[PDB]
Amino acid sequence: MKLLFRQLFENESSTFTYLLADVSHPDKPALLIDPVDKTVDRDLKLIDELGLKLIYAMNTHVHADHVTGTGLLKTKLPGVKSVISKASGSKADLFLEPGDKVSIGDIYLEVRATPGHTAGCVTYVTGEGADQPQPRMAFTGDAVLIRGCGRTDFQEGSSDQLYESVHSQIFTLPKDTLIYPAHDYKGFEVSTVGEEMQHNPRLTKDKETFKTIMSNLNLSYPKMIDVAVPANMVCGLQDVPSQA
Amino acid sequence: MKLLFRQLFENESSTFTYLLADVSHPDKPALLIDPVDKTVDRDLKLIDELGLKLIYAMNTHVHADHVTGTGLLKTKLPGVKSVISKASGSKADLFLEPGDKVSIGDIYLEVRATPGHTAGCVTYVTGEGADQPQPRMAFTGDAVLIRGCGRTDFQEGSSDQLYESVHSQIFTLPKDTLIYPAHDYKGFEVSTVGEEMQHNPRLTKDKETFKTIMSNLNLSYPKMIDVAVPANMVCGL
Ligand SMILES: [Fe+2]
Ligand SMILES: [Fe+2]
């Protein structure tokens with residue numbers, strides 16, 4: 001295994017997309033996590049410059065803040081498959097269950113179910129096998145953010161469920177495991193399991209304190225959810241053939 | 001030596017600030033590269049959470065797009081020293097010459113003179129040695145951006161000088177060396193020397209073509225330069 005890894009940012013929605021590839025493999029097979037429609041051309045230009053073969057375009061969950069790039073990526077690289085959890089209820093080429101593994105050459109990602117922000121959230125974690133990246137890397141979606149977590153008042157979320165998911169599926173990973181979230185609003189880019197267990201002001205509270213604090217934040221209505229969720233439930237696809 | 005490394009982003013100016021610390025030393029000594037005034041409180045809070053001792057607040061160059069956080073950091077944390085090139089002509093606690101080293105515990109950076117965007121630009125490269133980061137990391141300021149570079153028509157810059165700086169100081173490093181620029185406007189965060197030598201749209205041309213390309217750019221007047229340069233020449237104070 002030889003990992004090529006890039007974190008990419010979409011400034012309108014503050015979203016991180018992740019590119020992973022096994023560049024030891026003759027085809028340089030690659031995947032994207034949480035690609036955004038707006039940045040598809042950027043992403044494809046980068047994949048071409050680096051000579052990668054994009055196998056999968058995956059989502060951690062159904063996004064409320066942007067439109068998935070997975071559909072457009074399919075319109076543009078025939079052969080790429082979209083991937084999302086079965087639990088999300090969304091359309092995709094491939095559905096994931098907890099415990100599934102996704103492979104790109106010799107590199108693999110384990111799928112952990114981490115619902116709470118939505119019912120469909122998963123966390124992708126690089127494999128624990130002997131030849132895999134060290135430290136492990138966890139792509140936590142909106143379940144754990146750096147020094148925070150996603151809201152739980154829409155998309156069938158639950159604070160109780162989020163707390164249990166994080167403590168059972170993420171904080172059980174080795175402390176040096178890197179945390180790569182789907183969003184960040186403070187200019188931060190990475191954390192670690194150990195660092196979040198020490199410093200995350202949400203998820204280091206006891207369960208009932210976390211639930212109380214969450215319930216009272218008085219967050220505004222999500223500005224894009226009425227557009228983004230329907231679009232993302234159909235893989236970001238259109239119902240008319242593309243023009244031009 | 002054990003390197004703790006973070007890249008931090010300031011959205012108003014699209015600036016990257018870099019935190020480096022040697023967490024194997026009993027003080028957990030740290031430095032910041034290109035800190036911004038707006039994000040001083042954030043940077044201090046992170047430094048406090050991680051239990052680090054801020055030693056240096058350094059600039060790659062005199063910034064035209066934001067006001068340096070060096071002066072505010074020195075105010076809040078007496079004892080912190082600001083650092084900048086001697087060639088920049090700006091005020092700082094410590095001036096650097098080409099070939100100088102800056103150390104925090106067992107971690108050190110080499111200073112390479114890379115003027116062209118400005119007369120004072122330097123690139124900080126993590127040091128050579130088995131106890132240093134592998135691959136090496138080059139903090140290139142605005143001399144080399146990911147698939148780009150800064151403009152050369154202000155701050156006593158020069159396209160010819162920028163080309164020579166990049167080719168002699170940056171493209172001579174091992175190809176796997178990481179490039180961490182001071183800004184990005186496309187959502188990219190890192191590149192490598194080998195990638196830029198292959199794919200940088202302007203710096204891969206020959207010198208005269210590079211010069212011609214840079215002269216032909218259609219750019220607006222720098223939006224902050226008459227506030228930022230004066231402030232940054234006096235350490236933000
Ligand atoms: Fe979300
Ligand atoms: Fe600059």
# chains A, B, ... in the order shown; residues from 1 in each chain; ligands from 1
>>> residues_near_ligand(ligand="ligand 2", cutoff="8 Å", atoms="only C-alpha atoms and all ligand atoms", output="PyMOL selection string")
chain B and resi 61-65+117-118+141-142+150+182
>>> residues_near_ligand(ligand="ligand 1", cutoff="6 Å", atoms="only C-alpha atoms and all ligand atoms", output="list in words")
residues 63, 64 and 142 of chain A
>>> interface_residues(of="chain A", to="chain B", cutoff="8 Å", atoms="only C-alpha atoms", output="ChimeraX atom specification")
/A:6-11,49,186-190,199
>>> write_last_selection(atoms="C-alpha atoms", output="JSON list (two decimals), in the first residue's frame")
[["chain", "number", "residue", "atom", "x", "y", "z"],
["A", 6, "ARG", "CA", -5.81, 15.12, -0.02],
["A", 7, "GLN", "CA", -8.27, 17.21, 1.94],
["A", 8, "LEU", "CA", -10.12, 19.78, -0.19],
["A", 9, "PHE", "CA", -12.44, 22.61, 0.99],
["A", 10, "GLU", "CA", -15.65, 24.04, -0.50],
["A", 11, "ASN", "CA", -15.94, 27.49, 0.89],
["A", 49, "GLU", "CA", -3.24, 15.56, -13.06],
["A", 186, "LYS", "CA", -13.26, 27.88, 12.62],
["A", 187, "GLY", "CA", -10.42, 27.34, 10.13],
["A", 188, "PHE", "CA", -9.35, 23.98, 11.62],
["A", 189, "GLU", "CA", -8.62, 20.93, 9.47],
["A", 190, "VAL", "CA", -7.73, 17.86, 11.58],
["A", 199, "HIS", "CA", -11.04, 18.83, 24.52]]
>>> residues_around(residues="range 144-151 of chain A", least_positions_apart="4", cutoff="9 Å", atoms="only C-alpha atoms", output="PyMOL selection string")
chain A and resi 116-118+140+157-159+162+166+170+179-184+186+188-192+196+199-203+214+219
>>> atom_distance(atom1="CA of residue 86 in chain A", atom2="CA of residue 68 in chain A")
16.6 Å
>>> residues_around(residues="range 223-233 of chain A", least_positions_apart="4", cutoff="10 Å", atoms="only C-alpha atoms", output="list in words")
residues 13, 59, 61, 62, 63, 64, 65, 66, 67, 68, 69, 70, 71, 88, 89, 90, 91, 92, 154, 155, 237 and 238 of chain A
>>> write_last_selection(atoms="C-alpha atoms", output="mmCIF file, in the first residue's frame")
data_model
loop_
_atom_site.group_PDB
_atom_site.id
_atom_site.type_symbol
_atom_site.label_atom_id
_atom_site.label_comp_id
_atom_site.auth_asym_id
_atom_site.auth_seq_id
_atom_site.Cartn_x
_atom_site.Cartn_y
_atom_site.Cartn_z
ATOM 1 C CA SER A 13 -20.731 25.335 2.610
ATOM 2 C CA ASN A 59 -20.983 10.186 1.112
ATOM 3 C CA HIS A 61 -24.529 11.003 5.002
ATOM 4 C CA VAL A 62 -27.292 12.855 3.229
ATOM 5 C CA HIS A 63 -26.074 16.458 3.328
ATOM 6 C CA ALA A 64 -28.251 19.358 4.366
ATOM 7 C CA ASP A 65 -25.870 22.191 3.395
ATOM 8 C CA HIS A 66 -24.697 21.370 -0.167
ATOM 9 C CA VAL A 67 -25.598 19.220 -3.169
ATOM 10 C CA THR A 68 -23.596 16.038 -3.591
ATOM 11 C CA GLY A 69 -21.144 15.848 -6.523
ATOM 12 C CA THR A 70 -21.598 12.074 -6.783
ATOM 13 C CA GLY A 71 -24.217 12.255 -9.569
ATOM 14 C CA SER A 88 -29.818 6.993 4.867
ATOM 15 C CA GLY A 89 -32.708 6.029 2.601
ATOM 16 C CA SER A 90 -30.943 7.847 -0.268
ATOM 17 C CA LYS A 91 -30.364 6.568 -3.794
ATOM 18 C CA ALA A 92 -26.832 5.431 -4.801
ATOM 19 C CA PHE A 154 -33.351 17.498 11.483
ATOM 20 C CA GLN A 155 -33.103 14.380 9.274
ATOM 21 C CA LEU A 237 -28.992 13.714 -10.537
ATOM 22 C CA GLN A 238 -31.354 15.569 -12.888
#
>>> select_by_dssp(residues="range 52-201 of chain B", states="strand (DSSP E)", output="ChimeraX atom specification")
/B:53-58,81-85,94-96,101-104,107-113,122-126,137-141,178-181,191-192
>>> write_last_selection(atoms="N, CA and C atoms", output="compact mmCIF listing (two decimals), in the first residue's frame")
# COMPACT_ATOMS: atom_id res chain seq x y z
N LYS B 53 4.19 25.93 24.51
CA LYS B 53 4.82 27.19 24.87
C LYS B 53 5.21 27.93 23.58
N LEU B 54 4.47 29.00 23.27
CA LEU B 54 4.74 29.76 22.05
C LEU B 54 6.06 30.52 22.21
N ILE B 55 6.99 30.25 21.31
CA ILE B 55 8.28 30.89 21.30
C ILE B 55 8.39 32.01 20.26
N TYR B 56 8.01 31.67 19.02
CA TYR B 56 8.17 32.56 17.87
C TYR B 56 6.86 32.76 17.14
N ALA B 57 6.66 33.98 16.63
CA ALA B 57 5.58 34.27 15.69
C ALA B 57 6.28 34.83 14.46
N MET B 58 6.27 34.08 13.35
CA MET B 58 7.16 34.36 12.23
C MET B 58 6.33 34.70 11.01
N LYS B 81 8.65 36.18 20.55
CA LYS B 81 9.44 37.05 19.66
C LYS B 81 8.90 36.98 18.25
N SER B 82 8.73 38.14 17.64
CA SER B 82 8.37 38.16 16.22
C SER B 82 9.62 37.99 15.39
N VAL B 83 9.48 37.36 14.23
CA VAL B 83 10.59 37.00 13.37
C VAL B 83 10.23 37.32 11.92
N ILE B 84 11.15 37.92 11.18
CA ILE B 84 10.93 38.19 9.74
C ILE B 84 12.28 38.38 9.06
N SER B 85 12.32 38.33 7.73
CA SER B 85 13.59 38.50 7.06
C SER B 85 14.17 39.91 7.25
N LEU B 94 13.47 39.59 15.86
CA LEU B 94 14.55 38.79 15.32
C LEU B 94 14.48 38.86 13.80
N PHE B 95 15.60 39.21 13.17
CA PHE B 95 15.75 39.18 11.72
C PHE B 95 16.54 38.00 11.25
N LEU B 96 16.11 37.46 10.10
CA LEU B 96 16.71 36.33 9.43
C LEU B 96 17.41 36.69 8.15
N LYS B 101 19.12 29.40 10.73
CA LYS B 101 18.27 28.36 11.32
C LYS B 101 17.44 28.92 12.46
N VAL B 102 16.23 28.39 12.64
CA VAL B 102 15.35 28.75 13.76
C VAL B 102 15.02 27.40 14.40
N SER B 103 15.15 27.27 15.72
CA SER B 103 14.90 25.97 16.38
C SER B 103 13.88 26.12 17.51
N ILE B 104 13.13 25.04 17.70
CA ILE B 104 12.20 24.94 18.85
C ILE B 104 12.44 23.50 19.35
N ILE B 107 13.46 20.47 16.94
CA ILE B 107 12.94 20.78 15.60
C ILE B 107 13.63 22.04 15.09
N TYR B 108 14.10 22.02 13.86
CA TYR B 108 14.59 23.28 13.30
C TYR B 108 14.12 23.51 11.87
N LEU B 109 14.12 24.80 11.49
CA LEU B 109 13.83 25.26 10.12
C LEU B 109 15.04 25.96 9.57
N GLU B 110 15.30 25.71 8.30
CA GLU B 110 16.27 26.45 7.46
C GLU B 110 15.53 27.60 6.75
N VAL B 111 16.19 28.74 6.67
CA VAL B 111 15.66 29.91 5.98
C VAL B 111 16.29 30.00 4.59
N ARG B 112 15.46 29.88 3.54
CA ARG B 112 15.90 30.10 2.16
C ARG B 112 15.34 31.45 1.66
N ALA B 113 16.21 32.27 1.08
CA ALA B 113 15.78 33.53 0.53
C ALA B 113 15.05 33.18 -0.79
N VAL B 122 10.89 34.86 2.30
CA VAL B 122 11.70 33.67 2.54
C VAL B 122 10.80 32.45 2.54
N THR B 123 11.42 31.28 2.39
CA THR B 123 10.73 29.99 2.51
C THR B 123 11.41 29.28 3.68
N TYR B 124 10.57 28.79 4.61
CA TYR B 124 11.07 28.05 5.79
C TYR B 124 10.99 26.59 5.43
N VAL B 125 12.12 25.87 5.52
CA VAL B 125 12.12 24.46 5.19
C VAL B 125 12.51 23.68 6.44
N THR B 126 11.70 22.67 6.78
CA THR B 126 12.09 21.80 7.90
C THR B 126 13.46 21.22 7.65
N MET B 137 9.24 19.68 4.72
CA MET B 137 8.05 20.56 4.50
C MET B 137 8.61 21.93 4.21
N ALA B 138 8.14 22.54 3.14
CA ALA B 138 8.54 23.89 2.77
C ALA B 138 7.36 24.86 2.86
N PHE B 139 7.51 25.89 3.70
CA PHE B 139 6.49 26.93 3.91
C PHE B 139 6.86 28.09 3.00
N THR B 140 6.16 28.15 1.84
CA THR B 140 6.63 28.92 0.69
C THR B 140 6.03 30.29 0.60
N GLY B 141 5.25 30.72 1.58
CA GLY B 141 4.66 32.05 1.50
C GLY B 141 3.84 32.20 0.24
N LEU B 178 6.86 18.50 0.85
CA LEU B 178 5.53 19.09 0.84
C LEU B 178 5.64 20.60 0.69
N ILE B 179 4.71 21.19 -0.07
CA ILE B 179 4.63 22.65 -0.18
C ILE B 179 3.35 23.11 0.50
N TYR B 180 3.56 24.04 1.44
CA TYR B 180 2.51 24.65 2.29
C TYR B 180 2.56 26.14 2.11
N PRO B 181 1.69 26.68 1.26
CA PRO B 181 1.78 28.08 0.90
C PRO B 181 1.10 28.97 1.93
N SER B 191 0.71 20.81 -1.55
CA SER B 191 1.18 20.22 -2.82
C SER B 191 2.54 19.60 -2.56
N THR B 192 3.26 19.20 -3.62
CA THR B 192 4.64 18.77 -3.42
C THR B 192 5.50 19.47 -4.46
>>> residues_around(residues="residue 162 in chain B", least_positions_apart="4", cutoff="7 Å", atoms="only C-alpha atoms", output="PyMOL selection string")
chain B and resi 114-117+143+158+166
>>> write_last_selection(atoms="N, CA and C atoms", output="mmCIF file, in the first residue's frame")
data_model
loop_
_atom_site.group_PDB
_atom_site.id
_atom_site.type_symbol
_atom_site.label_atom_id
_atom_site.label_comp_id
_atom_site.auth_asym_id
_atom_site.auth_seq_id
_atom_site.Cartn_x
_atom_site.Cartn_y
_atom_site.Cartn_z
ATOM 1 N N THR B 114 13.779 33.586 -0.868
ATOM 2 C CA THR B 114 12.993 33.365 -2.085
ATOM 3 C C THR B 114 12.234 34.637 -2.507
ATOM 4 N N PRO B 115 12.946 35.768 -2.683
ATOM 5 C CA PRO B 115 12.252 37.023 -3.078
ATOM 6 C C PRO B 115 11.684 36.926 -4.503
ATOM 7 N N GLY B 116 10.759 37.832 -4.770
ATOM 8 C CA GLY B 116 10.159 37.960 -6.098
ATOM 9 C C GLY B 116 8.755 38.491 -5.975
ATOM 10 N N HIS B 117 7.926 37.839 -5.158
ATOM 11 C CA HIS B 117 6.643 38.423 -4.781
ATOM 12 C C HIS B 117 6.921 39.726 -4.048
ATOM 13 N N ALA B 143 5.482 32.868 -2.668
ATOM 14 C CA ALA B 143 6.419 32.587 -3.753
ATOM 15 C C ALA B 143 5.913 31.471 -4.643
ATOM 16 N N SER B 158 9.636 41.280 -8.309
ATOM 17 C CA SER B 158 10.257 41.079 -9.619
ATOM 18 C C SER B 158 9.975 39.678 -10.115
ATOM 19 N N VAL B 166 12.426 30.474 -7.098
ATOM 20 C CA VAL B 166 11.734 29.188 -7.077
ATOM 21 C C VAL B 166 12.612 28.080 -7.625
#
>>> closest_residue(among="A:48, A:156, A:208, A:100", to="residue 121 in chain A", atoms="only C-alpha atoms")
A:156
>>> closest_residue(among="A:160, A:12, A:22, A:41", to="residue 213 in chain A", atoms="only C-alpha atoms")
A:160
>>> select_by_dssp(residues="range 31-100 of chain B", states="helix (DSSP H, G or I)", output="number ranges by chain")
B: 37-50, 70-76, 86-88
>>> residues_around(residues="residue 173 in chain A", least_positions_apart="4", cutoff="8 Å", atoms="only C-alpha atoms", output="list in words")
residues 169, 177 and 193 of chain A
>>> residues_around(residues="range 226-234 of chain B", least_positions_apart="4", cutoff="9 Å", atoms="only C-alpha atoms", output="ChimeraX atom specification")
/B:62-68,71,88-92,155,222
>>> write_last_selection(atoms="N, CA, C and O atoms", output="compact mmCIF listing (two decimals), in the first residue's frame")
# COMPACT_ATOMS: atom_id res chain seq x y z
N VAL B 62 6.26 40.39 4.29
CA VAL B 62 5.33 41.43 4.66
C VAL B 62 4.04 41.24 3.86
O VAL B 62 4.08 41.24 2.61
N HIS B 63 2.95 41.03 4.56
CA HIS B 63 1.70 40.67 3.90
C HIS B 63 0.98 41.91 3.39
O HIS B 63 0.88 42.91 4.09
N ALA B 64 0.39 41.76 2.20
CA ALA B 64 -0.40 42.86 1.60
C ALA B 64 -1.90 42.69 1.83
O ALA B 64 -2.66 43.62 1.55
N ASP B 65 -2.34 41.53 2.32
CA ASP B 65 -3.75 41.12 2.27
C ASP B 65 -4.41 41.00 3.63
O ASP B 65 -5.63 40.80 3.73
N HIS B 66 -3.59 41.03 4.68
CA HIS B 66 -4.09 40.93 6.05
C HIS B 66 -3.07 41.59 6.97
O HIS B 66 -1.98 41.86 6.56
N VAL B 67 -3.49 41.86 8.19
CA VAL B 67 -2.59 42.43 9.20
C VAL B 67 -2.03 41.30 10.05
O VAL B 67 -2.76 40.46 10.53
N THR B 68 -0.72 41.32 10.23
CA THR B 68 -0.02 40.31 11.00
C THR B 68 -0.56 40.22 12.44
O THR B 68 -0.94 41.24 13.06
N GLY B 71 2.16 41.20 16.44
CA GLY B 71 2.15 42.25 17.46
C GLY B 71 1.17 41.94 18.58
O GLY B 71 1.48 42.12 19.77
N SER B 88 13.21 42.17 4.35
CA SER B 88 11.85 42.73 4.28
C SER B 88 11.78 44.21 4.65
O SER B 88 10.81 44.91 4.31
N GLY B 89 12.76 44.68 5.42
CA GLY B 89 12.73 46.07 5.90
C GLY B 89 11.69 46.38 6.97
O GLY B 89 11.40 47.56 7.23
N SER B 90 11.08 45.34 7.55
CA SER B 90 10.04 45.53 8.56
C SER B 90 10.63 45.37 9.96
O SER B 90 11.73 44.82 10.12
N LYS B 91 9.89 45.84 10.95
CA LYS B 91 10.29 45.73 12.34
C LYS B 91 9.97 44.31 12.81
O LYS B 91 8.95 43.75 12.43
N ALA B 92 10.86 43.74 13.61
CA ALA B 92 10.63 42.45 14.31
C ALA B 92 11.63 42.32 15.45
O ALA B 92 12.65 43.01 15.47
N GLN B 155 5.40 45.83 -3.69
CA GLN B 155 6.31 45.46 -2.59
C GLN B 155 7.71 45.17 -3.07
O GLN B 155 8.45 44.31 -2.53
N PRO B 222 -4.42 45.76 -5.35
CA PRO B 222 -4.55 44.97 -4.11
C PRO B 222 -5.48 45.65 -3.12
O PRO B 222 -5.25 46.81 -2.75
